[PDB]
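Protein chains in written order, with the entry's author numbering: chain q, 5 to 155; chain p, 5 to 155; chain c, 6 to 155; chain g, 6 to 155; chain k, 6 to 155; chain l, 6 to 155; chain d, 4 to 351; chain r, 302 to 338; chain b, 2 to 205; chain s, 417 to 455. Even for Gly, the Cβ is constructed at its ideal location relative to N, Cα and C.
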Amino acid sequence: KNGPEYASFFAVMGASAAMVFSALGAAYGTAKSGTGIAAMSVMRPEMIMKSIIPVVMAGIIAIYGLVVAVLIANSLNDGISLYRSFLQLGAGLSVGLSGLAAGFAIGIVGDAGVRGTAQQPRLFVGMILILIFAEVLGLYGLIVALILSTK
Amino acid sequence: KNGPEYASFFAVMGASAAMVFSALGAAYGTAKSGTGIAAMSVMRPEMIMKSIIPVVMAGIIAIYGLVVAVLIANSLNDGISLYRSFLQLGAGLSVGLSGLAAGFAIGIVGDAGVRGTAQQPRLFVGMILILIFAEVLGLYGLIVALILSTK
Amino acid sequence: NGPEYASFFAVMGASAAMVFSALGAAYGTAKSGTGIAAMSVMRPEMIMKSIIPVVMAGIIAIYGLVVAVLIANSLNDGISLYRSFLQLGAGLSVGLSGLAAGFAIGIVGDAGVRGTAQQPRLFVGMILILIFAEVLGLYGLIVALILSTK
Amino acid sequence: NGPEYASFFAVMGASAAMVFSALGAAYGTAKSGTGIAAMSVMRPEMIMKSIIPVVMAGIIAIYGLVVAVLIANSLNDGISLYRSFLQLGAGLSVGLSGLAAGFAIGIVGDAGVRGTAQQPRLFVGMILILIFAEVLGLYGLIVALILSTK
Amino acid sequence: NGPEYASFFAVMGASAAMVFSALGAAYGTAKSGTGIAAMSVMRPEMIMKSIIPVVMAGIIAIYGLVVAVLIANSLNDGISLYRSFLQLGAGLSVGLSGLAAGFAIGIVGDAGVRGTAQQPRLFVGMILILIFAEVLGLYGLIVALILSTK
Amino acid sequence: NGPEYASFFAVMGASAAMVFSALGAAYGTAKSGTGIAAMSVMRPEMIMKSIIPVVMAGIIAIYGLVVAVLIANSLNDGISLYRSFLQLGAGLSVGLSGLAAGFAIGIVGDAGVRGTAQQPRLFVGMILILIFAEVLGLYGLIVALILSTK
Amino acid sequence: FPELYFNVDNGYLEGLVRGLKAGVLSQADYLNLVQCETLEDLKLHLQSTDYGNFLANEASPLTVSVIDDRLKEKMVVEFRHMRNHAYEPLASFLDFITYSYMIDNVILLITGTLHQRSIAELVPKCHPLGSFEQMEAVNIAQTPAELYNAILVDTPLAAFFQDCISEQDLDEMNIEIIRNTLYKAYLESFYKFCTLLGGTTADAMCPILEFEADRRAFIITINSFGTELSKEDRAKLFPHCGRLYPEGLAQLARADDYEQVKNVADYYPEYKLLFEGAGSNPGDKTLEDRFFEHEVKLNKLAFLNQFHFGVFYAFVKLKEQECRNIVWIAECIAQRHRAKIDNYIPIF
Amino acid sequence: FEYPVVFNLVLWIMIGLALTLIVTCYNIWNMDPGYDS
Amino acid sequence: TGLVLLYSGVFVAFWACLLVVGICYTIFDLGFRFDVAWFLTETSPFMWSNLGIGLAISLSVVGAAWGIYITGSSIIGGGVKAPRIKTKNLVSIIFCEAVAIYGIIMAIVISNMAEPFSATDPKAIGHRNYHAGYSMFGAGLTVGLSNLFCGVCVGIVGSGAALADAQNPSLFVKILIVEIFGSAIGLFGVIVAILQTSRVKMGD
Amino acid sequence: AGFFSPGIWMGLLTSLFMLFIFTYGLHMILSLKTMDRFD
Ligand SMILES: CO/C1=C/C(C)=C\[C@@H](C)[C@@H](O)[C@H](C)C/C(C)=C/C=C/[C@H](OC)[C@@H]([C@@H](C)[C@@H](O)[C@H](C)[C@@]2(O)C[C@@H](O)[C@H](C)[C@@H](C(C)C)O2)OC1=O
Ligand SMILES: CO/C1=C\C(C)=C/[C@@H](C)[C@@H](O)[C@H](C)C/C(C)=C/C=C/[C@H](OC)[C@@H]([C@@H](C)[C@@H](O)[C@H](C)[C@@]2(O)C[C@@H](O)[C@H](C)[C@@H](C(C)C)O2)OC1=O
Ligand SMILES: CO/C1=C\C(C)=C/[C@@H](C)[C@@H](O)[C@H](C)C/C(C)=C\C=C\[C@H](OC)[C@@H]([C@@H](C)[C@@H](O)[C@H](C)[C@@]2(O)C[C@@H](O)[C@H](C)[C@@H](C(C)C)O2)OC1=O
Ligand SMILES: CO/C1=C\C(C)=C\[C@@H](C)[C@@H](O)[C@H](C)C/C(C)=C/C=C/[C@H](OC)[C@@H]([C@@H](C)[C@@H](O)[C@H](C)[C@@]2(O)C[C@@H](O)[C@H](C)[C@@H](C(C)C)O2)OC1=O
Ligand SMILES: CO/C1=C\C(C)=C\[C@@H](C)[C@@H](O)[C@H](C)C/C(C)=C/C=C\[C@H](OC)[C@@H]([C@@H](C)[C@@H](O)[C@H](C)[C@@]2(O)C[C@@H](O)[C@H](C)[C@@H](C(C)C)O2)OC1=O
Ligand SMILES: CCCCCCCC/C=C\CCCCCCCC(=O)O
């Protein structure tokens, strides 16, 4: 039943990568689409609070990685089998690299969106409907990490 | 019961990498957003002490890594098990590289935010709202480093 | 039969025959499809006659699927190490030559449909160069059918 | 007889004779294919006689096709390690020199049909440089036919 | 006789002599072939006289051929490791010095031919510098002959 | 005698003495030879006066040839490991020091012949700098003769 | 390879400048403008385009000097919007477009200095694209072009002034030799910057910058016949950028006749068939009216590529033709001389 | 007996402290302070 | 190039060091120390199995999000002047959204086939659990990379079709054919991925 | 002894794989440069 002594390396490397790679995607979507707030603030200052959605939707990317990295850190156990620990490395890469790339697309569309909404306000329902499709991508990595970590 | 001789390498790396990569993020937040204070100073010098908010937000990133570099270095013994030191390797990476990302997001928004506040004073309530979202990325890495260091 | 690790090279011959020929079919459709969507605003009549550089890049996609189905059905538990090296070399030979035949369709098909929008005399010359770039993926297929079916 | 992994180098000569000569025939077709579409907007008469730099790039591909059939038809299970190294170097010789010949046909076939558009007197001079850049694929063929047939 | 891995270092001398001299002969033909098309548009009389820097680059192609046939005809099943290393350094020494001679021919042949379009007295001086870049491939030939024949 | 792998390091001293002095002589005749073409348009008189950086770059090539013949004639089947380490360091000492000297000749010989186009007083000063870049290959020669003839 | 990136930083701005292509007037937009009979009715037929309600506040007597000044202040606020949203690989490219107007304003700022004038020529008499509202030491430099040339090196035109010493513009060189030696150093520095940016923006833009070096190779050597500048004085005015560089510029500096520049353009079959202006006929297009049809033919071809920076320079040079075409329609309507009203360039 | 441990402890540190050293000395070598005045 | 010099400085120094090491294992007969058999058999098949599930979904949504931001900057960038784009040109977004549907389907089809065993000997772990380990790695690689290439292919065409709809509104239904041929590349990776794990059973 | 043990080869193929993921996610955040002017 007792696995090798290095078996718990790959599960903590999945709990680390579920939080590290999600925080990198959430910091790109906050910094890129928060630079776009200051460019539209000078001419159209009434659309500031309405355009904080691309830094809110990039913040849900980080709580996708926090949920997985807590479930891996609670399913950790001294002497886990080598099968169970690689299940949580693949659960860390499934929500880590998902939130890295889904948080990239919230940054690029969110920076291009809040600058094109401040000139054409009809694009606000069109910007948020592309950001939704770039936010379910972070949820496809979440609900396939909930399968792998709880397998 | 006892761990091998090389087992203490991975836990003193997570003590250093919690302090190295969180100070590398807190320095990017201080440098990139401290370049923006000198740009807003040449035209609007009343908002100097009020614009130290993006560099006091990066100062909390540095003490997120200081706490868990104390929580790890006070949990060190000679001959700790290889599982107990792998826990404190991912507890150092998930708060160093989360505070590294959260320091890249503080320094970019803090640069564009205090340069847009010089030309639009209504952005200061919006910039301080984005910096809350970019500061909890280091906090989500803290509450997953505490849940890993303690066990 | 063969050793325990023997099925690693036949799996990487079914992967690389489809991955490397998807990159050729994706470049041949995106580089030339950039040229279709930009010539179409000035010439909206030849927009359908110029699709044929993207259906020729799609043949590169089905050149790699013919061998990736042929390898992944003949592969069994414990083949010989000789038969798995054959299907690895049959996977790289159609994948990496479909990647070259997908590059030379993208660069020719982009420049061809811009020179056809400026002058319609190039269309018979464009679909003649595009055969020379598309038989490069056929030469990789008829030597991946030789190697895999030994 | 030889080891079981002896057939690894023998199928890396059937692969590298085809993938490196298709990557040379792609650069001869693509890079010189933009030169046709850039000169045919002004000179539409010289289209069918400018297919010569992409015809000569297509012979570089069938140089590697011949060697990759000679190697793959001389394959058995348990061949010796000496005959396996010959066919590896027979794939790298016709492959990496056909890639060099395809690099040179692509450069002087693109720039040749630009100068042929500005002057019809360069058409005999461009062909002679295309002969010198196509015997480089022929020199790699006669070392691949010497090494593989020992 | 020598070990079983010994024939790998002799085929990689027959292959590295061919593919590195072809890469030098391609760069001498490609870079000094675009110098012909930029020269001829004003002075088209000196087109056939300007085939010399692609002729001198074509002799570097056969400096590597005459030792790729010389190494591949001294190959035997079970050559010694000392005999097999002599042919490795006979391929690396006419290749990488012929690649240098083709690198220097393509630079001074391109700049020289562009220089004789506006000054015809440079052509007897450009052809003298091409001799000096030619013998760099000849110095690698006569040291690859005293290594293979040992 | 010595081990069976001992002759590898002496062959890589015979070839590194050639291919690194031929790369120095390539950069010497190509970088200075592209300055002869820019000088020729305004001063076509001193064309033969300007082959001196190209001549002294060819002296670097025969410095590496002399050591490479001297190493390749000091080879036996089964030399000691000490003797073959001497000729590895005798090949780097004239190869990589001829690559430095040939780089220096090509840089000052390029600016020297473009400076004598506008002032012929530099010509007696251009040659005097090139002797200082010549002796770096000569210093590498007389340490290669000391190391190899032990 | 430049296509899977380039929408990171420059994806919103490229779709914006292609939205401003759709506002460039078509042939059917021009055919409704040539039917106008007064400038008051040209205000009506322009409102059906995207120009609309731009002349609605000026005056009831509508003169042609207001339409020209209100058209070109609409291209400035469209260019200044795309520069204030630009990132650094593109903002360095958009500053290279304004150096053709900073050069035309620096020369205007030294003629007042040699004739002892001041900032009164700066604000009303300069192009707003290349504008000096920052670098405020230029705006107070009343010094006679010696302590002022030491202020023009605190300006992005500093790297082009390495062939004009401050003693040369101090009445030593003619005012057009100072122009074209800066413009020679401008195009050769803009051709190298457009070669470092490789890929699609180096083959859709360097054909435009090659023809711009061959316009000023042909137009300089044709207008340098009766004047007193030597053949060595116009050989340093040729930009070493175009197709004519090693051979045509050797013959253009020895021409001395219009028939000697016609048989050096016969070597290049793109420049012959452009040398058929042939102004001996009374009514036809001249040479520079045929060089403008080729400047906008290469500029339309930049919109056939997608992922490149050349879509922005080919919009400024096609919105400049809008301020030349509509004013030409307005200057043939206000004078009622509309038999040559079809001598515009029908861009789209 | 611990030869694979001590080999990988030295190798992945001394090229982790060399790449950190090379990147640092590359940025101070190419500093670009800005110098005309 | 500043940072590409670092990536090319490591890639050169890796393969130049494998050139020297490769001609020092053969040359003093230490070939026997290489042991690619020992690498493929002593590395756990749960490592290859979970680099197949980890790369089926994550490398699909890399290409699903790479194709969204390429064409989503052309919706909002091109739709400032012509705001009729934002409802007709959403099927370009869906065609690169569906390549992540193929990722999450083929990540939970592969994950149903991985089951634990207890053996540790490479003879006790037979060549059914090793074939099941390699085929899960090679099926998450041919459905992750073939959707990484398909998702950017229908994003580059979708970004060009969103800028042709801005000029002429009648052109979008004909450049939609090019996104159909581009989105068939992603379905071709799923056909190979279900055939690599058809006869796969892991466990004992 | 050898240079590598089978526990290191699994831990090195995992660490040097998500180092490639990290430097892909750090190269993008090292290139999100801001603007110079505002309007
Ligand atoms: C001396 O104290 C400082 C302390 C340091 C080094 C470290 C920790 C305390 C800090 O790392 C902790 C983590 C965060 C915190 C709570 C800091 C308080 C900081 C000081 O206080 C804000 C400001 C001080 C400049 C600041 O106080 C201004 C005087 C100001 O008063 C101006 C206000 O208009 C401004 C809005 C307000 C905000 C910024 C707090 O503070 O500096 C300092 O060096
Ligand atoms: C057609 O086969 C030619 C070369 C081929 C196929 C293959 C190789 C074997 C070549 O690898 C080898 C080296 C043979 C070679 C290089 C021979 C010289 C040949 C001819 O001899 C110039 C010219 C030929 C171009 C000639 O017709 C030139 C017009 C010209 O003669 C015109 C002369 O004015 C100019 C002065 C002259 C010089 C060099 C004496 O070149 O090549 C060829 O025929
Ligand atoms: C104060 O920090 C806020 C939350 C923080 C600190 C912490 C974590 C849980 C958070 O880190 C995570 C990201 C919580 C999360 C994933 C969303 C929470 C969103 C809030 O709930 C919209 C908004 C939002 C209410 C508010 O910020 C704006 C006022 C605004 O509501 C104004 C609206 O007019 C605009 C339309 C609206 C958007 C959201 C619909 O944004 O902020 C906050 O309170
Ligand atoms: C379209 O694929 C065609 C044939 C294919 C696939 C050949 C491969 C097997 C090729 O792998 C290799 C190169 C063999 C080869 C040699 C083919 C020549 C082919 C044709 O040539 C007859 C071309 C066609 C270029 C040619 O026929 C032109 C009409 C032309 O005849 C026009 C002439 O004015 C021109 C001078 C003449 C010269 C250039 C050959 O070519 O047609 C074709 O059907
Ligand atoms: C056969 O190839 C020639 C030399 C080659 C290949 C030498 C190799 C064997 C080499 O290993 C070296 C370089 C032998 C060597 C060192 C020759 C030196 C000069 C040659 O002379 C002997 C010049 C020289 C005659 C001539 O080329 C020049 C026109 C000139 O005569 C005219 C003078 O104005 C000029 C100043 C003077 C200088 C340059 C020496 O030489 O030519 C050649 O043909
Ligand atoms: C065993 C430890 C070895 C690994 C440690 C690696 C940690 C790297 C830490 C810092 C490297 C960053 C230095 C580059 C400074 C960036 C300059 C800039 O971007 O302006």
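Cβ-heavy atom distance, residue i to ligand 5, below 7 Å
i, result
"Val-60 of chain l", "yes"
"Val-140 of chain k", "yes"
"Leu-146 of chain k", "no"
N- and C-terminal bounds of the alpha helix (DSSP H) containing residue i
i, result
"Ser-89 of chain g", "86-123"
"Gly-38 of chain k", "13-44"
"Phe-47 of chain b", "46-79"
"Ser-153 of chain g", "140-153"
"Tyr-68 of chain k", "57-77"
"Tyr-194 of chain d", "180-199"
"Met-105 of chain d", "102-117"
"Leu-435 of chain s", "434-443"
"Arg-83 of chain d", "67-87"
"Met-315 of chain r", "304-315"
"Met-131 of chain g", "127-137"
Residue i CB to nearest heavy atom of ligand 1 below 7 Å
i, result
"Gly-63 of chain p", "yes"
"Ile-67 of chain p", "yes"
Distance cut-off 7 Å: residue i Cβ against heavy atoms of ligand 3
i, result
"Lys-54 of chain q", "yes"
Any non-hydrogen atom of ligand 2 closer than 7 Å to residue i Cβ
i, result
"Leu-127 of chain g", "no"
"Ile-76 of chain c", "no"
beta-carbon residue i near ligand 4 non-hydrogen atom, thresh 7 Å
i, result
"residue 188 of chain g", "Coverage of chain g is limited to positions 6 through 155, which leaves residue 188 of chain g absent and any answer about it impossible."
- Item | Meets three-Cβ-pair contact criterion under 8 Å: the region 124-138 of chain q and the region 27-42 of chain p | Contact fails: fewer than three Cβ-Cβ distances are below 8 Å.
- Item | Inter-stretch contact (C-beta, 8 Å, three-pair minimum) for the region 86-99 of chain c and the region 8-28 of chain c | The region 86-99 of chain c, when compared against the region 8-28 of chain c, does touch it at the 8 Å Cβ threshold.
- Specify whether the region 96-107 of chain g and the region 72-87 of chain g touch according to this definition: at least 3 beta carbon pairs, one from each stretch, less than 8 Å apart. Yes: the two stretches touch, three or more of their Cβ pairs being nearer than 8 Å.
- Validate contact between the region 135-148 of chain d and the region 57-76 of chain d using beta carbons, cut 8 Å, 3 pairs: By the Cβ test, the region 135-148 of chain d is not in contact with the region 57-76 of chain d, since fewer than three Cβ pairs between them sit closer than 8 Å.
- Okay, do the region 129-148 of chain q and the region 22-29 of chain d touch, 3+ Cβ pairs below 8 Å being the bar? Under the three-pair Cβ rule at 8 Å, the region 129-148 of chain q does not count as touching the region 22-29 of chain d.
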